[PDB]
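Engineer: As input, take data-v4.tsv (TSV, C-alpha atoms and all ligand atoms):
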chain	number	residue	atom	x	y	z
Y	1	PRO	CA	22.10	13.17	-19.57
Y	2	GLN	CA	19.15	14.37	-17.53
Y	3	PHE	CA	15.60	13.01	-17.72
Y	4	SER	CA	12.99	15.39	-16.33
Y	5	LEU	CA	10.26	12.74	-16.10
Y	6	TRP	CA	7.55	14.85	-17.83
Y	7	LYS	CA	7.48	11.96	-20.32
Y	8	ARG	CA	8.49	8.28	-19.79
Y	9	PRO	CA	12.31	8.10	-19.71
Y	10	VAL	CA	12.66	5.74	-22.63
Y	11	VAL	CA	15.79	5.22	-24.68
Y	12	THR	CA	17.29	2.92	-27.27
Y	13	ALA	CA	19.54	0.15	-26.01
Y	14	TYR	CA	21.43	-2.61	-27.81
Y	15	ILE	CA	21.30	-6.04	-26.13
Y	16	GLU	CA	23.66	-8.61	-27.61
Y	17	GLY	CA	23.68	-6.05	-30.45
Y	18	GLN	CA	19.92	-6.16	-30.88
Y	19	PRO	CA	18.14	-2.79	-30.56
Y	20	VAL	CA	15.36	-2.52	-28.00
Y	21	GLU	CA	13.53	0.48	-26.54
Y	22	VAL	CA	13.86	0.48	-22.76
Y	23	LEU	CA	12.27	2.26	-19.81
Y	24	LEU	CA	14.74	3.56	-17.21
Y	25	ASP	CA	13.00	2.50	-14.02
Y	26	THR	CA	14.09	3.30	-10.47
Y	27	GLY	CA	11.14	1.27	-9.12
Y	28	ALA	CA	12.58	-1.99	-10.54
Y	29	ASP	CA	15.38	-3.87	-8.75
Y	30	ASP	CA	16.25	-5.81	-11.89
Y	31	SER	CA	15.89	-5.57	-15.68
Y	32	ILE	CA	13.40	-7.40	-17.90
Y	33	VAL	CA	13.02	-7.44	-21.71
Y	34	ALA	CA	10.73	-9.19	-24.13
Y	35	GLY	CA	11.10	-10.15	-27.77
Y	36	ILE	CA	14.71	-11.25	-27.56
Y	37	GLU	CA	16.13	-14.72	-27.11
Y	38	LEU	CA	19.21	-15.08	-24.95
Y	39	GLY	CA	19.60	-18.84	-25.11
Y	40	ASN	CA	19.60	-21.92	-22.86
Y	41	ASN	CA	21.87	-20.90	-20.01
Y	42	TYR	CA	19.55	-19.12	-17.56
Y	43	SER	CA	17.93	-19.55	-14.15
Y	44	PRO	CA	14.11	-19.47	-14.08
Y	45	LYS	CA	12.67	-16.85	-11.72
Y	46	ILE	CA	9.24	-15.42	-10.90
Y	47	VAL	CA	8.71	-11.66	-10.63
Y	48	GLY	CA	5.64	-9.85	-9.30
Y	49	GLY	CA	4.20	-6.36	-9.74
Y	50	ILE	CA	0.89	-4.71	-10.44
Y	51	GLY	CA	-1.55	-7.06	-12.05
Y	52	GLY	CA	0.25	-10.22	-10.97
Y	53	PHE	CA	3.35	-12.30	-11.62
Y	54	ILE	CA	5.32	-13.48	-14.62
Y	55	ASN	CA	7.79	-16.27	-15.32
Y	56	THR	CA	11.22	-15.04	-16.33
Y	57	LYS	CA	14.58	-16.41	-17.49
Y	58	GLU	CA	17.61	-14.82	-15.75
Y	59	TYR	CA	20.83	-14.42	-17.80
Y	60	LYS	CA	24.13	-13.10	-16.40
Y	61	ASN	CA	26.96	-11.09	-18.04
Y	62	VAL	CA	24.92	-9.89	-21.00
Y	63	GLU	CA	26.43	-7.20	-23.26
Y	64	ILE	CA	24.47	-3.97	-23.07
Y	65	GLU	CA	25.07	-0.65	-24.76
Y	66	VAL	CA	22.91	2.24	-23.60
Y	67	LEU	CA	23.42	6.00	-23.18
Y	68	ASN	CA	26.73	5.89	-25.01
Y	69	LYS	CA	28.08	3.37	-22.54
Y	70	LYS	CA	28.76	-0.34	-22.76
Y	71	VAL	CA	28.22	-2.61	-19.70
Y	72	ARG	CA	27.79	-6.29	-18.87
Y	73	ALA	CA	24.79	-6.95	-16.63
Y	74	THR	CA	22.07	-9.37	-15.60
Y	75	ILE	CA	18.96	-9.46	-17.74
Y	76	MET	CA	15.74	-11.40	-17.41
Y	77	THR	CA	13.62	-12.27	-20.42
Y	78	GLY	CA	9.86	-12.72	-20.13
Y	79	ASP	CA	6.48	-11.61	-21.42
Y	80	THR	CA	6.71	-8.11	-19.98
Y	81	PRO	CA	4.55	-5.51	-21.71
Y	82	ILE	CA	7.39	-3.00	-21.60
Y	83	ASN	CA	11.13	-3.36	-21.57
Y	84	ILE	CA	12.61	-2.29	-18.19
Y	85	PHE	CA	16.14	-1.27	-17.20
Y	86	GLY	CA	16.05	-1.46	-13.41
Y	87	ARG	CA	18.57	-0.42	-10.76
Y	88	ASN	CA	21.10	-3.13	-11.59
Y	89	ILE	CA	21.80	-1.39	-14.92
Y	90	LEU	CA	21.15	2.17	-13.73
Y	91	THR	CA	23.85	1.83	-11.10
Y	92	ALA	CA	26.33	0.22	-13.55
Y	93	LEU	CA	25.75	3.31	-15.64
Y	94	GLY	CA	26.28	5.64	-12.64
Y	95	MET	CA	22.75	7.13	-12.83
Y	96	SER	CA	21.15	8.88	-9.85
Y	97	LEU	CA	17.69	10.08	-8.87
Y	98	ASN	CA	17.87	13.62	-7.59
Y	99	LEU	CA	15.58	16.21	-5.98
C	1	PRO	CA	18.21	14.67	-1.91
C	2	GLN	CA	20.18	12.17	-3.96
C	3	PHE	CA	19.23	8.53	-4.47
C	4	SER	CA	22.25	6.53	-5.79
C	5	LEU	CA	20.05	3.51	-6.61
C	6	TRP	CA	22.31	0.94	-5.06
C	7	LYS	CA	19.39	0.45	-2.65
C	8	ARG	CA	15.68	0.98	-3.40
C	9	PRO	CA	14.76	4.69	-3.33
C	10	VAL	CA	12.19	4.21	-0.59
C	11	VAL	CA	11.05	6.94	1.78
C	12	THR	CA	8.19	7.62	4.17
C	13	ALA	CA	5.43	10.06	3.32
C	14	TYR	CA	2.07	11.21	4.61
C	15	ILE	CA	-1.06	11.04	2.42
C	16	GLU	CA	-3.78	13.21	4.04
C	17	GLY	CA	-2.06	12.56	7.34
C	18	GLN	CA	-1.71	8.77	6.85
C	19	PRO	CA	1.83	7.38	7.03
C	20	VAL	CA	3.13	5.17	4.24
C	21	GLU	CA	6.33	3.65	2.92
C	22	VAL	CA	6.70	4.60	-0.76
C	23	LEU	CA	9.02	3.79	-3.67
C	24	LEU	CA	10.14	6.57	-5.98
C	25	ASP	CA	9.42	4.95	-9.35
C	26	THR	CA	10.35	6.60	-12.65
C	27	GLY	CA	8.78	3.61	-14.44
C	28	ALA	CA	5.29	4.43	-13.13
C	29	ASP	CA	3.15	7.06	-14.83
C	30	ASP	CA	0.73	7.27	-11.87
C	31	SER	CA	1.00	6.98	-8.09
C	32	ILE	CA	-0.68	3.97	-6.52
C	33	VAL	CA	-1.04	3.22	-2.81
C	34	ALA	CA	-2.58	0.24	-1.04
C	35	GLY	CA	-4.51	0.05	2.16
C	36	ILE	CA	-5.12	3.70	2.95
C	37	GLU	CA	-8.68	4.97	3.10
C	38	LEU	CA	-9.35	8.30	1.34
C	39	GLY	CA	-13.13	8.01	1.35
C	40	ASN	CA	-15.99	7.91	-1.13
C	41	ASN	CA	-15.12	10.84	-3.41
C	42	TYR	CA	-13.28	8.97	-6.17
C	43	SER	CA	-13.59	7.96	-9.82
C	44	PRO	CA	-12.80	4.40	-10.96
C	45	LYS	CA	-9.72	4.05	-13.14
C	46	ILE	CA	-8.03	1.11	-14.83
C	47	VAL	CA	-4.27	0.70	-14.37
C	48	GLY	CA	-1.88	-1.65	-16.21
C	49	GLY	CA	1.28	-3.10	-14.66
C	50	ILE	CA	3.68	-5.93	-15.39
C	51	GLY	CA	1.09	-8.69	-14.74
C	52	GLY	CA	-2.02	-7.13	-16.19
C	53	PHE	CA	-4.79	-4.74	-15.10
C	54	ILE	CA	-6.32	-3.61	-11.83
C	55	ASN	CA	-9.19	-1.33	-10.90
C	56	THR	CA	-8.17	1.71	-8.81
C	57	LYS	CA	-9.96	4.56	-7.05
C	58	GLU	CA	-8.70	7.94	-8.20
C	59	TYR	CA	-8.58	10.84	-5.71
C	60	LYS	CA	-7.61	14.31	-6.97
C	61	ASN	CA	-6.01	17.16	-5.05
C	62	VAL	CA	-4.69	14.93	-2.25
C	63	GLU	CA	-2.30	16.51	0.21
C	64	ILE	CA	0.95	14.64	0.44
C	65	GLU	CA	4.05	15.29	2.51
C	66	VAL	CA	7.29	13.78	1.28
C	67	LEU	CA	10.98	14.80	1.24
C	68	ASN	CA	10.21	17.83	3.39
C	69	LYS	CA	7.84	19.11	0.68
C	70	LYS	CA	4.06	19.61	0.64
C	71	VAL	CA	2.24	19.10	-2.68
C	72	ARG	CA	-1.32	18.38	-3.85
C	73	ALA	CA	-1.51	15.49	-6.34
C	74	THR	CA	-3.62	12.70	-7.76
C	75	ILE	CA	-3.43	9.44	-5.84
C	76	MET	CA	-4.90	6.11	-6.92
C	77	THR	CA	-5.66	3.52	-4.29
C	78	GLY	CA	-5.63	-0.13	-5.29
C	79	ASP	CA	-3.96	-3.50	-5.05
C	80	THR	CA	-0.26	-2.78	-5.61
C	81	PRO	CA	2.28	-4.94	-3.73
C	82	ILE	CA	4.49	-1.85	-3.20
C	83	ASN	CA	3.26	1.77	-2.77
C	84	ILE	CA	4.66	3.87	-5.60
C	85	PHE	CA	4.99	7.58	-6.24
C	86	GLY	CA	5.17	7.82	-10.03
C	87	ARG	CA	6.01	10.59	-12.45
C	88	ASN	CA	2.96	12.69	-11.64
C	89	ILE	CA	4.39	13.25	-8.12
C	90	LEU	CA	8.07	13.13	-9.13
C	91	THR	CA	7.56	16.01	-11.55
C	92	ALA	CA	5.58	17.88	-8.88
C	93	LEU	CA	8.57	17.57	-6.55
C	94	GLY	CA	11.02	18.60	-9.30
C	95	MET	CA	12.95	15.32	-9.42
C	96	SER	CA	15.14	14.13	-12.33
C	97	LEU	CA	17.27	11.12	-13.43
C	98	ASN	CA	20.89	12.11	-14.08
C	99	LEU	CA	23.99	10.57	-15.63
N	1	LIG	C1	5.53	-1.80	-9.52
N	1	LIG	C2	7.02	-1.72	-9.15
N	1	LIG	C3	7.23	-1.90	-7.64
N	1	LIG	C4	7.79	-2.82	-9.92
N	1	LIG	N1	7.45	-2.62	-11.33
N	1	LIG	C5	8.29	-1.57	-11.93
N	1	LIG	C6	7.37	-0.38	-12.22
N	1	LIG	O1	8.16	0.79	-12.46
N	1	LIG	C7	6.40	-0.66	-13.36
N	1	LIG	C8	7.09	-0.82	-14.72
N	1	LIG	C9	5.98	-1.06	-15.75
N	1	LIG	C10	5.45	0.02	-16.43
N	1	LIG	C11	4.39	-0.25	-17.28
N	1	LIG	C12	3.89	-1.54	-17.38
N	1	LIG	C13	4.45	-2.67	-16.84
N	1	LIG	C14	5.49	-2.34	-15.98
N	1	LIG	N2	5.46	0.47	-13.47
N	1	LIG	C15	4.14	0.36	-13.36
N	1	LIG	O2	3.56	-0.66	-13.00
N	1	LIG	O3	3.42	1.47	-13.65
N	1	LIG	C16	2.01	1.39	-13.50
N	1	LIG	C17	1.64	1.62	-12.04
N	1	LIG	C18	1.46	3.13	-11.94
N	1	LIG	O4	1.49	3.68	-13.25
N	1	LIG	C19	1.41	2.62	-14.20
N	1	LIG	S1	7.41	-4.01	-12.18
N	1	LIG	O5	7.29	-3.63	-13.62
N	1	LIG	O6	6.27	-4.81	-11.70
N	1	LIG	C20	8.90	-4.89	-11.97
N	1	LIG	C21	9.10	-5.69	-10.87
N	1	LIG	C22	10.34	-6.35	-10.74
N	1	LIG	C23	11.33	-6.14	-11.69
N	1	LIG	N3	12.53	-6.69	-11.57
N	1	LIG	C24	11.10	-5.32	-12.79
N	1	LIG	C25	9.88	-4.68	-12.94
N	2	CL	CL	19.03	18.61	-5.78
N	3	CL	CL	22.17	3.93	-2.97
N	4	CL	CL	23.43	1.52	-0.37
N	5	CL	CL	23.34	4.45	0.56
N	6	CL	CL	0.43	15.03	8.60
N	7	CL	CL	-1.11	6.25	-17.32
N	8	CL	CL	-9.12	4.60	-16.86
N	9	CL	CL	-1.99	3.02	-16.33
N	10	NA	NA	22.75	-24.20	-19.10
N	11	ZN	ZN	26.83	0.06	-30.66
N	12	ZN	ZN	1.84	-12.27	-23.84
N	13	ZN	ZN	23.66	3.38	-1.11
N	14	ZN	ZN	0.19	16.53	7.40
N	15	ZN	ZN	10.57	-1.53	3.02
N	16	ZN	ZN	-2.05	5.22	-15.77
Transcribe the structure of this file into structure tokens.
Ligand SMILES: CC(C)CN(C[C@@H](O)[C@H](Cc1ccccc1)NC(=O)O[C@H]1CCOC1)S(=O)(=O)c1ccc(N)cc1
Ligand SMILES: [Cl-]
Ligand SMILES: [Cl-]
Ligand SMILES: [Cl-]
Ligand SMILES: [Cl-]
Ligand SMILES: [Cl-]
Ligand SMILES: [Cl-]
Ligand SMILES: [Cl-]
Ligand SMILES: [Cl-]
Ligand code: NA
Ligand SMILES: [Zn+2]
Ligand SMILES: [Zn+2]
Ligand SMILES: [Zn+2]
Ligand SMILES: [Zn+2]
Ligand SMILES: [Zn+2]
Ligand SMILES: [Zn+2]
Structural biologist:
Amino acid sequence: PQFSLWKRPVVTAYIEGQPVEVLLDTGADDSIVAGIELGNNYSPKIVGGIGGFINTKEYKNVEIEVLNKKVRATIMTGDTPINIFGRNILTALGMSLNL
Amino acid sequence: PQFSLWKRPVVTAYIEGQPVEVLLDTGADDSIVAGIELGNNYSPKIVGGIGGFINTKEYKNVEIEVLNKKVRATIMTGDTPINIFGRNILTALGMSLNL
């Protein structure tokens, strides 16, 4: 798998078996997805980026399948406009950014 | 150059001679830098991030020096909390995401 970055590197992931399109993002430390409910056992966190801050819910040991691999990783849920898989998941997948 | 993503893929660069710390961000379409002054030859643009929208000043054909390369690229200046080189510069440098 190689993403040449001429388009957004976006793929299909399954989170707790629910399909979501996600952006593979080296500029994000963590991962954030909208439109899925992961339940009542979370820790509330605030994240900031361009345009401001949002409230998130942090969930640990969540089942994720992406790029033909299955991993358990930390996921935040929140009103993000796009679903982001940040470096915590990219490293669990063994991905690298190369020049 | 390989970035293994266990730490942020941050480097230093020069933008028309001005030193900056920048994050290599596959999740950004554009490149946005705060604080530097590129002058009055710009067009306003509107950029959307995780928290909403900001106005930016768009400068074309800007010289930038990064990773021992010299390219000319479009830079936007505006209120980002982290300077980011997005896919317009990553593709100019020939970078890719690999698994
Ligand atoms: C801005 C960086 C430093 C951090 N952001 C990641 C970036 O890749 C961010 C991802 C994104 C793309 C499109 C819309 C909304 C978000 N791209 C981004 O804003 O693109 C803009 C600026 C130029 O072109 C368009 S983040 O989303 O705020 C963020 C922060 C913390 C966590 N844990 C996760 C995400
Ligand atoms: Cl290389
Ligand atoms: Cl690393
Ligand atoms: Cl490291
Ligand atoms: Cl390292
Ligand atoms: Cl210089
Ligand atoms: Cl854009
Ligand atoms: Cl615009
Ligand atoms: Cl934009
Ligand atoms: Na609980
Ligand atoms: Zn499956
Ligand atoms: Zn909303
Ligand atoms: Zn490292
Ligand atoms: Zn120079
Ligand atoms: Zn730093
Ligand atoms: Zn844009």
Engineer: Fit chain C to chain Y: least squares, all C-alpha atoms, paired in order; write the output as a compact mmCIF listing (two decimals) with C-alpha atoms, in the coordinates of the input.
Structural biologist:
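Listed below is the output, superposed_29.txt:
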# COMPACT_ATOMS: atom_id res chain seq x y z
CA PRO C 1 22.24 12.85 -19.60
CA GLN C 2 19.29 14.39 -17.79
CA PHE C 3 15.74 13.05 -17.87
CA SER C 4 13.27 15.74 -16.64
CA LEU C 5 10.42 13.19 -16.41
CA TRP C 6 7.85 15.31 -18.15
CA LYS C 7 8.01 12.56 -20.80
CA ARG C 8 8.83 8.88 -20.23
CA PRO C 9 12.59 8.33 -19.84
CA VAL C 10 12.77 5.96 -22.79
CA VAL C 11 15.89 5.29 -24.82
CA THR C 12 17.19 2.72 -27.28
CA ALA C 13 19.78 0.15 -26.28
CA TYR C 14 21.45 -2.96 -27.62
CA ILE C 15 21.33 -6.26 -25.70
CA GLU C 16 23.98 -8.62 -27.18
CA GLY C 17 23.59 -6.70 -30.41
CA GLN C 18 19.76 -6.77 -30.44
CA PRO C 19 18.03 -3.38 -30.57
CA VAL C 20 15.34 -2.53 -28.04
CA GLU C 21 13.32 0.38 -26.74
CA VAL C 22 13.72 0.54 -22.94
CA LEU C 23 12.28 2.52 -20.02
CA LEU C 24 14.59 3.71 -17.27
CA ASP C 25 12.62 2.56 -14.22
CA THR C 26 13.71 3.38 -10.67
CA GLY C 27 10.69 1.38 -9.43
CA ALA C 28 12.05 -1.89 -10.84
CA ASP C 29 14.65 -3.90 -8.94
CA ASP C 30 15.51 -6.03 -12.00
CA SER C 31 15.70 -5.48 -15.75
CA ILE C 32 13.13 -7.32 -17.84
CA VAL C 33 12.93 -7.44 -21.64
CA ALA C 34 10.39 -9.11 -23.91
CA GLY C 35 10.84 -10.78 -27.23
CA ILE C 36 14.61 -10.96 -27.54
CA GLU C 37 16.27 -14.36 -27.75
CA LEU C 38 19.38 -14.84 -25.58
CA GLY C 39 19.51 -18.62 -25.89
CA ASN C 40 19.39 -21.67 -23.65
CA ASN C 41 21.88 -20.71 -20.93
CA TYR C 42 19.47 -19.29 -18.34
CA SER C 43 18.02 -20.00 -14.90
CA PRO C 44 14.27 -19.66 -14.22
CA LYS C 45 13.30 -16.82 -11.91
CA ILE C 46 10.00 -15.57 -10.54
CA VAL C 47 9.25 -11.84 -10.80
CA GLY C 48 6.43 -9.85 -9.15
CA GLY C 49 4.86 -6.73 -10.67
CA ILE C 50 1.72 -4.69 -10.19
CA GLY C 51 -0.63 -7.48 -11.40
CA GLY C 52 1.05 -10.53 -9.96
CA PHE C 53 3.85 -12.95 -10.88
CA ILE C 54 5.56 -14.09 -14.06
CA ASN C 55 8.24 -16.63 -14.85
CA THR C 56 11.41 -15.15 -16.41
CA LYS C 57 14.64 -16.50 -17.87
CA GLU C 58 17.68 -15.02 -16.17
CA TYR C 59 20.86 -14.41 -18.21
CA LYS C 60 24.01 -13.21 -16.41
CA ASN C 61 26.90 -11.19 -17.79
CA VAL C 62 24.93 -9.87 -20.78
CA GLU C 63 26.56 -7.14 -22.83
CA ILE C 64 24.39 -4.08 -23.10
CA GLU C 65 24.98 -0.77 -24.84
CA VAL C 66 22.97 2.19 -23.62
CA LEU C 67 23.57 5.95 -23.18
CA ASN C 68 26.93 5.66 -24.93
CA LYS C 69 28.08 3.21 -22.23
CA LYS C 70 28.98 -0.49 -22.38
CA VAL C 71 28.23 -2.62 -19.30
CA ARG C 72 27.75 -6.32 -18.49
CA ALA C 73 24.59 -7.00 -16.45
CA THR C 74 21.88 -9.48 -15.58
CA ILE C 75 18.91 -9.45 -17.93
CA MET C 76 15.64 -11.32 -17.43
CA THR C 77 13.52 -12.11 -20.45
CA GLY C 78 9.79 -12.52 -19.98
CA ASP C 79 6.32 -11.18 -20.58
CA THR C 80 6.56 -7.48 -19.67
CA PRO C 81 4.40 -5.02 -21.66
CA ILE C 82 7.28 -2.48 -21.59
CA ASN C 83 11.04 -3.31 -21.59
CA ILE C 84 12.58 -1.95 -18.40
CA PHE C 85 16.11 -1.32 -17.22
CA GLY C 86 15.82 -1.43 -13.43
CA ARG C 87 18.13 -0.52 -10.60
CA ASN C 88 20.64 -3.27 -11.31
CA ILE C 89 21.51 -1.51 -14.61
CA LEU C 90 20.86 2.04 -13.37
CA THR C 91 23.43 1.62 -10.61
CA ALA C 92 25.84 0.06 -13.12
CA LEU C 93 25.52 3.19 -15.26
CA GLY C 94 25.90 5.49 -12.23
CA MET C 95 22.45 7.07 -12.45
CA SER C 96 20.65 8.89 -9.59
CA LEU C 97 17.31 10.62 -8.79
CA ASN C 98 17.80 14.25 -7.76
CA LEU C 99 15.74 17.05 -6.23
Engineer: Restrict the distance test to only C-alpha atoms, flag each residue of chain Y within 12 Å of chain C, and return the flagged residues as a PyMOL selection string.
Structural biologist: chain Y and resi 1-10+22-34+46-56+66-69+78-99
Engineer: Just how far from atom ZN of ligand ZN 11 (chain N) is CA of residue 70 in chain Y, in Å to one decimal?
Structural biologist: 8.1 Å
Engineer: To one decimal place in Å, what is the distance between CA of residue 71 in chain C and atom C14 of ligand LIG 1 (chain N)?
Structural biologist: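 It comes out at 25.4 Å.
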Engineer: In Å, rounded to a single decimal, give me how far CA of residue 75 in chain Y is from CA of residue 61 in chain Y.
Structural biologist: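 So the answer is 8.2 Å.
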Engineer: Let me have all residues with an atom within 9 Å of ligand CL 6 (chain N), counting only C-alpha atoms and all ligand atoms, laid out as number ranges by chain.
Structural biologist: C: 13-19, 63-65
Engineer: Hey, which of Y:12, Y:37, Y:43, Y:77 ends up closest to ligand ZN 11 (chain N)? Count all atoms listed in the file.
Structural biologist: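 Once distances to ligand ZN 11 (chain N) are computed over all atoms listed in the file, the minimum belongs to Y:12.
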